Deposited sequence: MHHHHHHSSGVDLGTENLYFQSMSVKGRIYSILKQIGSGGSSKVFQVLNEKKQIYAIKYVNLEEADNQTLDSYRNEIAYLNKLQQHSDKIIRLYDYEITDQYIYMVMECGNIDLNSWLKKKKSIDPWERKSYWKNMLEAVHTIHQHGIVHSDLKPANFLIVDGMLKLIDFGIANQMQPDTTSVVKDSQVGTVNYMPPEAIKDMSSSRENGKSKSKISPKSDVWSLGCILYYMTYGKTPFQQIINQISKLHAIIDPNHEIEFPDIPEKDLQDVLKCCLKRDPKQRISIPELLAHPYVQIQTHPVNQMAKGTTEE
């Protein structure tokens, strides 16, 4: 099977993922170049769902020039019945990669972190707060992480929504959501890449889990490691008071991401 986007024909190699009314396909152009095409069926979409998709496309388009840490969007076709997005094809999403890895190299960990910080920082510059960061939002493209989405349009699974990365300020006001909320979530991804688990993975009851995230009395454990800077980064990221939590610009000037070994 094949598909057409703005006159250009693409052969379907395989379907990478599915989620809701969305499907991602690995495809080839006439010159045998690989792309990932995202197909959205708008035949059952309401005006709330339509506006989410339009907002995500616009931001991905705007941010293209600003950073190479944002997944590339080469073309798109939009009608009343469907959406086609011609994007770069990555090797694997971060979540799938994390589940497969028995141990993460320290160097790989730092390089990925820098990519995450640069990607998130760029969105922040335009006034966008993701508020829903998790490993699945990142794609590995040639040993470089890139941000896939702004957590608005839809969630996809390779061919269940975790609360393990949720910042305290979100649960408290049930606005306090700020660029610092993303620091907590990025902090949780780094924590997982360091200790093999999210800061609150252990508590099974989701209500107890949510209560532990917002409780200063509940203390997050930070076992000692050879990278003292990494330990500091973690602790600065996972401060429950957003006002006391470190910022992305500050993180980019930290020893952990600027100084190796």
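The deposited sequence has C-alpha coordinates everywhere except the stretches 1 to 20, 180 to 188, 204 to 213, 301 to 313.
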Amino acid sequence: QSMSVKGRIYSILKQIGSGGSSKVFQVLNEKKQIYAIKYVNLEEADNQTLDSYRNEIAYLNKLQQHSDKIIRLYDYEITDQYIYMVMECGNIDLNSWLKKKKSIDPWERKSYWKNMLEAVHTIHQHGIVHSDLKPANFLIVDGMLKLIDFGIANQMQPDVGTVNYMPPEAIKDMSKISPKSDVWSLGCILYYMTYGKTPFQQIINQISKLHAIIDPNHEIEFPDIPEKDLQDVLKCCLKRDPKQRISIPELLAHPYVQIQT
From here on, numbers count along this sequence of modelled residues.
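Basically, rigid core = biggest C-alpha set you can superpose within 1.5 Å across the two forms.
In a rigid core superposition of the other structures in 8 other deposited structures of this protein, 114 to 122 and 143 to 151 differ in how far their CA atoms stray, and the farther one is 143 to 151. Greater C-alpha displacement in 8 other deposited structures of this protein (rigid core superposition, RMS over structures and residues), of 189 to 197 versus 52 to 60: 52 to 60.
Omission of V163 is seen in none of the other entries compared for this protein where the adjacent residues are built, far below a third. Note: missing coordinates for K100 occur in none of the other compared entries bracketing this position, so the one-third threshold is not reached. The stretch with the higher mean CA B factor, choosing between 223 to 231 and 32 to 40, is 223 to 231. Stretches 57 to 65 and 210 to 218 differ in mean C-alpha B factor, with the higher average recorded for 210 to 218. Between the residues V86, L147, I177, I189, it is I177 that shows the highest Cα B-factor in the PDB record. The entry lists C-alpha B-factors for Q81, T122, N115, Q157, and the highest of these is at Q157.
In this PDB entry, the Cα temperature factor of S18 sits in the middle third of its chain's modelled residues. Placement of the Cα temperature factor of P135 within the chain: lowest third of the modelled residues, per the deposited record.
Per the deposited record, the Cα B-factor of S181 falls in the lowest third when ranked against the other modelled residues of its chain. In this PDB entry, the Cα temperature factor of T194 sits in the middle third of its chain's modelled residues. Per-chain ranking of the deposited C-alpha B factor places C236 in the middle third.
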